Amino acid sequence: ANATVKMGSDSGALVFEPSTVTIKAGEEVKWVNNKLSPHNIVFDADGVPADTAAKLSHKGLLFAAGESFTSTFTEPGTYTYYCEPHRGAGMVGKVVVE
């Protein structure tokens, strides 16, 4: 089903919650800015086509709570991503499209 991922947990941690989501090809994932802004979504290119990873990324930073970004995943695969400003804190995620 379509998935919603919180950027910054309710418990106040620099994480994507849930960190791993599984969807069906053709579905979308919406990231909603929650706590400890700012955040962004950058997909790494290992295991998936470099250009697809780029098209799925949203490099602009989100500041206000409730702001969101949506990406539609039409091709099956394992897409790992991260929040640039919080990479050191380990704010990483994964989307499995089947």
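Heads up: residue numbers just count along the shown sequence, starting at 1.
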Between the two ranges 55-63 and 42-50, the one averaging a larger CA B factor in the entry: 42-50
Residue with highest C-alpha B-factor in the PDB entry, from 92, 3, 97, 7: 3
Third of chain Cα B-factors occupied by residue 72: lowest
Third of chain Cα B-factors occupied by residue 83: lowest
